[PDB]
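The chain below stands alone and is given in structure tokens; this is the form deposited in one PDB entry.
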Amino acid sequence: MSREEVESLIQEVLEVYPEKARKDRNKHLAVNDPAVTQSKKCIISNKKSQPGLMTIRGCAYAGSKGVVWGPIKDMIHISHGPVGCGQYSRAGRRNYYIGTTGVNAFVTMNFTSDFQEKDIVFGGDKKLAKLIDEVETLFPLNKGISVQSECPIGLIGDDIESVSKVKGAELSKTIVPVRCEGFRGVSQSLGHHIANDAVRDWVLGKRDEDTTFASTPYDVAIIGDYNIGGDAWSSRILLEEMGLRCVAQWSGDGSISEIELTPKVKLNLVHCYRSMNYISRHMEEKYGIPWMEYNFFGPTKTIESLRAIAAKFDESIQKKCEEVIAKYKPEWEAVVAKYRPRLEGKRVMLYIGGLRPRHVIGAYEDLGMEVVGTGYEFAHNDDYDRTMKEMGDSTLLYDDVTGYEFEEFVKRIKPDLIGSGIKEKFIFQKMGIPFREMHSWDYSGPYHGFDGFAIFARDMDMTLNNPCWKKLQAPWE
């Protein structure tokens, strides 16, 4: 509110930085004007972080192994390198799946080459081949192997592509080498791009000549939904209620056969544009499959997306969509009637990764809650182009915010609720401000769809209005 004070706050916050750091950071903070369609004139993104400023961004390995390849349940993913990277990323992301872990599913397990000094000095391609043999011996029901490279693999002269080719020819198994070394790029976005390229080059085209799959005019594939807390499932039950058939979902609860069957669908429904736009566009160019973005956060966005998707098919699909909307109307109406009075008028600040900082605005507004500030760790300029129209006037936008910047912004704006990751949760809890984890749903959820909206509203109500926030000050002080 009152744009000039927001600019004054930005200047006051930037006053502490050195000249180079302040010049760089001035470009990544902006005041929203909804009429602006080109975000390059106000905010800059997808650049390197300033050293020593305590950024929140991850690495390309997190973007590829932790986000894209990890949810694939029937595949075994080898963290090629030292032990740390696979260990810190093991089961940290709630990409839900159905399977028997250790036999035919391996999502929550940590496979690594566990590099030692001799591996660094002399390379680890022979170790990689021996590891692949051991994996084949001890996990016979796996349907594929991916090799996710960590930093030393890129640094030393290792050639994992030739090893993957030789071993895949020898054992007749799909082995996908991913060069997702953490020093590449500036964030997880390059990891997304590298993982998409690997999927395109090694997995997607296996069934190009296969025509044994029976296709229907209602074949769609969910792209960029990773089943956080079951989110994708909560989406799927709606799409099948509309009369459509979901052949595949990428990549939460996903199987390699689903990915290989994806080029046979009629329509691609992309939830996370940021992480899967590469493969969606490639599929459009090569197979002629149209793709479209949708939003299932909140009843309004869900209804709009359902109608837009139904508009792509015949009359029966549209009638079924209307039936689904009518069936689910009373439930979310009751949820709103129960929870909006306790949440109306509250102000929220968000700082999340590439998609959610703009996707969940509608759900908050459905509860009578208003977003004062939003930002991204690693989004590109098109994400901000969408965000500027999705956000309100004179609100704050921040790209790759530092801990000091975010703390100062929160201290001045004083929001009622903050949605961010685990690395700000306790910082802002000690400040006396309710916090919701917007990556893992605070180990709750799902939040997608009509079923997820009730859980979302309940969680926001339970955290915002908890009595604990009234007891931070001692009565004698």
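Each form is matched to the other, and the largest set of C-alpha atoms that superpose within 1.5 Å is called the rigid core. Quick note: we count residues from 1 along the sequence shown, nothing fancier.
The form deposited in another entry exists for this protein as well; it is not shown, and the discussion that follows is about that form.
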Core-aligned C-alpha movement of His439 between the shown form and the other one reaching 2 Å: yes
Direction of Cα pair change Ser440-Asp114 in that other deposited form, magnitude 3 angstroms or more: farther
Might you say whether the CA atoms of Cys85 and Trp441 end up closer or farther apart in that other deposited form than in this form? Their distance differs by 3 Å or more. closer
